[PDB]
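Text of data.txt, listed as compact mmCIF, C-alpha atoms and all ligand atoms:
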# COMPACT_ATOMS: atom_id res chain seq x y z
CA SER A 7 96.53 90.31 106.33
CA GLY A 8 100.26 89.49 106.66
CA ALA A 9 103.41 89.45 108.83
CA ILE A 10 107.26 89.69 108.74
CA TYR A 11 109.17 86.68 110.28
CA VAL A 12 112.80 87.60 111.26
CA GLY A 13 114.77 85.50 113.81
CA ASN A 14 112.46 84.76 116.76
CA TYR A 15 110.13 87.72 116.00
CA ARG A 16 106.72 88.14 114.21
CA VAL A 17 105.96 91.72 113.10
CA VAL A 18 102.29 92.52 112.43
CA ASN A 19 100.01 95.59 112.13
CA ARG A 20 99.06 96.35 115.78
CA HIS A 21 95.40 96.72 114.81
CA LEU A 22 95.41 93.10 113.50
CA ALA A 23 97.39 91.46 116.41
CA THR A 24 95.70 88.34 117.91
CA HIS A 25 95.23 87.97 121.76
CA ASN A 26 98.16 85.43 121.61
CA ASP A 27 100.44 88.10 120.05
CA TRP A 28 99.71 90.29 123.19
CA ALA A 29 100.51 87.31 125.49
CA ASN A 30 103.85 86.96 123.61
CA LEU A 31 104.51 90.73 123.27
CA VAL A 32 108.10 91.96 122.78
CA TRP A 33 107.33 95.62 121.71
CA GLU A 34 104.38 97.67 120.42
CA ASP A 35 103.80 101.27 119.34
CA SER A 36 100.22 102.43 118.61
CA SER A 37 101.57 105.61 116.92
CA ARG A 38 103.38 103.37 114.37
CA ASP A 39 100.58 100.69 114.00
CA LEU A 40 103.26 97.99 114.78
CA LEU A 41 103.34 95.01 117.15
CA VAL A 42 106.19 92.48 117.52
CA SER A 43 105.61 89.12 119.26
CA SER A 44 108.11 86.30 120.12
CA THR A 45 108.05 83.05 118.05
CA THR A 46 109.15 79.43 118.76
CA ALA A 47 110.53 78.74 115.28
CA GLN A 48 113.16 80.90 113.58
CA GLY A 49 112.01 83.08 110.62
CA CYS A 50 113.86 83.70 107.34
CA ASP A 51 113.02 87.29 106.26
CA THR A 52 115.86 89.80 106.15
CA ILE A 53 115.16 93.42 107.19
CA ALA A 54 116.58 96.12 104.86
CA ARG A 55 119.13 98.54 106.43
CA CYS A 56 119.13 101.36 103.85
CA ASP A 57 117.47 104.67 102.69
CA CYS A 58 115.92 103.19 99.44
CA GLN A 59 112.86 105.08 98.14
CA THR A 60 111.97 102.51 95.35
CA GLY A 61 110.70 98.99 95.93
CA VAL A 62 107.96 96.44 95.27
CA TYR A 63 104.84 95.82 97.41
CA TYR A 64 102.27 93.05 97.60
CA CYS A 65 98.57 94.14 97.02
CA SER A 66 96.27 91.29 98.16
CA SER A 67 93.16 93.06 96.70
CA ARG A 68 94.63 92.71 93.15
CA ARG A 69 96.71 89.47 93.79
CA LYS A 70 99.65 91.44 92.35
CA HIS A 71 103.06 92.89 93.29
CA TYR A 72 103.64 96.49 92.12
CA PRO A 73 106.87 98.51 91.70
CA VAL A 74 106.59 101.85 93.59
CA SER A 75 108.44 105.03 94.56
CA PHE A 76 107.74 105.95 98.23
CA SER A 77 108.30 108.94 100.54
CA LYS A 78 110.73 108.92 103.54
CA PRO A 79 109.35 107.75 106.98
CA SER A 80 107.43 110.69 108.46
CA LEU A 81 104.51 111.82 110.74
CA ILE A 82 101.40 111.67 108.47
CA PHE A 83 97.74 112.40 109.25
CA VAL A 84 95.54 109.33 109.05
CA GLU A 85 91.72 109.59 108.99
CA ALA A 86 89.59 107.96 111.71
CA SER A 87 88.71 104.29 111.24
CA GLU A 88 87.27 101.47 113.43
CA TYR A 89 90.87 100.82 114.70
CA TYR A 90 92.12 104.32 115.54
CA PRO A 91 90.73 107.83 116.00
CA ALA A 92 92.02 110.62 113.67
CA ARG A 93 95.74 110.98 114.47
CA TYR A 94 99.31 111.37 113.12
CA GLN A 95 100.87 108.00 112.48
CA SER A 96 104.70 108.14 112.72
CA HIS A 97 107.38 106.33 110.58
CA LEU A 98 104.86 106.15 107.69
CA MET A 99 105.80 106.18 103.97
CA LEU A 100 103.36 106.96 101.16
CA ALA A 101 103.22 105.74 97.54
CA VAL A 102 100.79 106.23 94.59
CA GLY A 103 99.27 102.77 94.32
CA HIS A 104 96.12 100.77 94.94
CA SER A 105 95.15 99.83 98.43
CA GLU A 106 91.86 99.01 100.19
CA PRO A 107 90.86 97.79 103.68
CA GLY A 108 92.13 94.16 103.73
CA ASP A 109 95.60 94.90 102.20
CA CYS A 110 97.40 95.59 105.57
CA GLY A 111 100.36 93.30 106.21
CA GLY A 112 101.55 93.11 102.59
CA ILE A 113 105.36 93.35 102.41
CA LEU A 114 107.19 96.31 100.81
CA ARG A 115 110.70 95.12 99.66
CA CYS A 116 113.81 96.70 98.08
CA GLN A 117 117.16 95.10 96.96
CA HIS A 118 118.25 94.97 100.64
CA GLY A 119 115.25 93.09 102.04
CA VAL A 120 111.98 93.93 103.83
CA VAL A 121 111.38 97.72 104.16
CA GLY A 122 107.95 97.67 105.82
CA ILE A 123 104.33 96.48 105.63
CA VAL A 124 101.12 98.04 104.26
CA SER A 125 99.37 100.01 107.05
CA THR A 126 97.11 102.71 105.46
CA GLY A 127 95.72 103.96 102.09
CA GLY A 128 93.69 106.55 100.25
CA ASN A 129 92.34 107.42 96.82
CA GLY A 130 95.10 106.00 94.71
CA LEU A 131 97.49 105.97 97.72
CA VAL A 132 99.07 103.22 99.88
CA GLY A 133 101.00 103.80 103.16
CA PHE A 134 103.72 101.54 104.60
CA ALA A 135 104.85 101.25 108.21
CA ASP A 136 108.73 101.40 108.09
CA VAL A 137 110.70 98.71 110.04
CA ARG A 138 114.30 99.64 108.86
CA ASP A 139 115.07 101.67 112.07
CA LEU A 140 114.24 98.63 114.33
CA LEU A 141 117.87 97.47 114.44
CA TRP A 142 117.16 95.17 117.39
CA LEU A 143 115.12 92.85 115.08
CA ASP A 144 118.56 91.46 113.91
CA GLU A 145 119.72 90.49 117.44
CA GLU A 146 118.81 88.31 120.47
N1 LIG B 1 96.99 102.27 110.21
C1 LIG B 1 95.77 102.79 110.16
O1 LIG B 1 95.41 103.74 110.87
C2 LIG B 1 94.82 102.16 109.16
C3 LIG B 1 93.80 101.23 109.85
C4 LIG B 1 92.89 100.55 108.83
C5 LIG B 1 92.19 101.58 107.95
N2 LIG B 1 93.15 102.55 107.39
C6 LIG B 1 93.13 103.01 106.11
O2 LIG B 1 94.02 103.74 105.69
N3 LIG B 1 92.04 102.66 105.35
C7 LIG B 1 91.87 102.96 103.98
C8 LIG B 1 90.93 103.85 103.47
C9 LIG B 1 90.82 104.04 102.10
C10 LIG B 1 91.64 103.34 101.23
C11 LIG B 1 92.57 102.44 101.72
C12 LIG B 1 92.69 102.25 103.09
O3 LIG B 1 93.57 101.40 103.70
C13 LIG B 1 94.38 100.53 102.89
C14 LIG B 1 95.00 99.55 103.80
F1 LIG B 1 94.08 98.88 104.46
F2 LIG B 1 95.77 100.11 104.72
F3 LIG B 1 95.75 98.66 103.16
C15 LIG B 1 94.01 103.21 108.39
ZN ZN B 2 117.09 99.20 100.27
Do you think you could lay out the structure here as structure tokens?
Amino acid sequence: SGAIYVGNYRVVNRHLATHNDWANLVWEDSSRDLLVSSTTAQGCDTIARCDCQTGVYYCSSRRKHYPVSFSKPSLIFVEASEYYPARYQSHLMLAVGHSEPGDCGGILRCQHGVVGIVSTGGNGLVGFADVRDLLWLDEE
């Protein structure tokens, strides 16, 4: 579980969005596993605007932050689950690291700010949904 809070926006994994997030929808993309809803209070996270490939992510299943190298945002095959059928998820970045079902929403951060959130995993792998191309998160 977890979210990004920037300006008047809440960014969550689309598969974990509450019915109230849908009522307050701003933008969603199933292919990216992302949903953004509007918020009443202003948030204080800063989104990174960079091409960093090293950062630190939060792993709730170990109660630990880990330093990781990660691949550039790309179209990656993700196995079927209870949330999606087998498909290519876009804007996804992979790292060698622990992840399990329950770790989605953990922030990936670099020196510039928030890069993305945990979205997928595998045997010794963790995938992050990138948010650095969503320039509009910094305005209105
Ligand atoms: N975005 C998706 O399609 C994910 C929906 C939930 C399930 N997704 C996974 O990748 N499960 C998964 C399978 C084996 C080891 C780790 C796993 O996930 C780690 C995670 F939950 F993302 F933190 C896929
Ligand atoms: Zn960066």
TODO: Show me which residues sit within 10 Å of ligand ZN 2 (chain B) when counting only C-alpha atoms and all ligand atoms, and put them as a ChimeraX atom specification.
DONE: /A:53-61,115-121,138
Task: Surroundings of ligand LIG 1 (chain B) up to 8 Å, based on all atoms listed in the file, as a ChimeraX atom specification - done: /A:19,21,38-39,84-90,95,104-111,124-133
Filtering to C-alpha atoms, could you give me those residues as a CSV table (one decimal), keeping the file's coordinate frame?
chain,number,residue,atom,x,y,z
A,19,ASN,CA,100.0,95.6,112.1
A,21,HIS,CA,95.4,96.7,114.8
A,38,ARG,CA,103.4,103.4,114.4
A,39,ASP,CA,100.6,100.7,114.0
A,84,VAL,CA,95.5,109.3,109.0
A,85,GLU,CA,91.7,109.6,109.0
A,86,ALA,CA,89.6,108.0,111.7
A,87,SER,CA,88.7,104.3,111.2
A,88,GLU,CA,87.3,101.5,113.4
A,89,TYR,CA,90.9,100.8,114.7
A,90,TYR,CA,92.1,104.3,115.5
A,95,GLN,CA,100.9,108.0,112.5
A,104,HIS,CA,96.1,100.8,94.9
A,105,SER,CA,95.2,99.8,98.4
A,106,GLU,CA,91.9,99.0,100.2
A,107,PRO,CA,90.9,97.8,103.7
A,108,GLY,CA,92.1,94.2,103.7
A,109,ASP,CA,95.6,94.9,102.2
A,110,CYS,CA,97.4,95.6,105.6
A,111,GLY,CA,100.4,93.3,106.2
A,124,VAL,CA,101.1,98.0,104.3
A,125,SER,CA,99.4,100.0,107.0
A,126,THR,CA,97.1,102.7,105.5
A,127,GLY,CA,95.7,104.0,102.1
A,128,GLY,CA,93.7,106.6,100.2
A,129,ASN,CA,92.3,107.4,96.8
A,130,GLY,CA,95.1,106.0,94.7
A,131,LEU,CA,97.5,106.0,97.7
A,132,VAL,CA,99.1,103.2,99.9
A,133,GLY,CA,101.0,103.8,103.2
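Each of A:82, A:62, A:12, A:100 was checked against residue A:46 using only C-alpha atoms; the smallest atom-to-atom distance is that of A:12.
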Open item on the list: Using Å and a single decimal, report how far atom CA of residue A:136 sits from atom CA of residue A:72.
Closed with: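 These atoms are spaced 17.5 Å apart.
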Open item on the list: From (113.0, 81.7, 116.2), in the file's coordinates, out to 6 Å: which residues are reached, counting only C-alpha atoms? Answer as an MDAnalysis selection string.
Closed with: chainID A and resid 13:14 45:49
Grab all the atoms of stretch 63-80 of chain A that the file lists, wrap them in a box along x, y and z, add 4 Å per side, and give me centre plus edge lengths in Å (one decimal) as JSON.
{"center_x": 101.9, "center_y": 100.1, "center_z": 100.1, "size_x": 25.6, "size_y": 29.2, "size_z": 24.8}
Open item on the list: Let me make sure I understand: among A:65, A:31, A:143, A:137, which one has the smallest atom-to-atom distance to residue A:7 if we use only C-alpha atoms?
Closed with: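 Of A:65, A:31, A:143, A:137, the one nearest residue A:7, counting only C-alpha atoms, is A:65.
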- [ ] Just give me the gap between atom CA of residue A:94 and atom CA of residue A:78 in Å, one decimal is fine.
- [x] 15.1 Å
- [ ] Calculate how many Å separate atom CA of residue A:11 from atom CA of residue A:75, rounding to one decimal.
- [x] 24.2 Å
Open item on the list: Using all atoms listed in the file, can you tell me which of A:10, A:32, A:81, A:98 comes closest to residue A:52?
Closed with: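 Of A:10, A:32, A:81, A:98, the one nearest residue A:52 is A:10, counting all atoms listed in the file.
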Open item on the list: Using only C-alpha atoms for the distances, tell me which of A:122, A:139, A:17, A:64 is nearest to residue A:44.
Closed with: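 Under the stated criterion, the closest residue is A:17.
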Task: Given only C-alpha atoms as the counted atoms, nearest of A:91, A:112, A:8, A:79 to residue A:63 - done: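 Going through A:91, A:112, A:8, A:79 one by one, the smallest distance to residue A:63 is for A:112.
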Open item on the list: With distances taken over all atoms listed in the file, which residue among A:73, A:22, A:15, A:135 lies nearest residue A:50?
Closed with: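 Checking each of A:73, A:22, A:15, A:135 against residue A:50, counting all atoms listed in the file, the winner is A:15.
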